[PDB]
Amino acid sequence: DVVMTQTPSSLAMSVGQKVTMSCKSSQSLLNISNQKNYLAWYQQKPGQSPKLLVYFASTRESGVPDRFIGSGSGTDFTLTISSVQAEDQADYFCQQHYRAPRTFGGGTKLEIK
């Protein structure tokens, strides 16, 4: 039942702007034990599988540029893109890895002009 809700469902930004997209869980995803928030972010471009961008809420994956920055904790998280570049136009989902079933957010569709 851990309900993952992303926002907005879609936005139109322009090259060079800070992009902010939110992701929220119905329950806290923080493991009171290691103090890590079990939440990951993904990017999916046309006809390609999704790729991981950030895990444990802020840990970037390899090759992921410094412009993508995950933040937040508990039940409210955020993926920020410091300065967007055209290549960034894609779908961004979040998935909670705290409890099984590891549900996904509904996605936010980023359109870059």
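One rule holds for the numbers: they count along the sequence shown, beginning at 1.
The mean C-alpha temperature factor is higher for 30-38 when 30-38 and 72-80 are set side by side.
Remark: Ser14 belongs to the highest third of its chain, ranked by C-alpha B-factor as recorded. Sorting the modelled residues of the chain by their CA temperature factor places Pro50 in the lowest third. When the CA B factors of the chain's modelled residues are split into thirds, the value for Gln44 lands in the lowest one.
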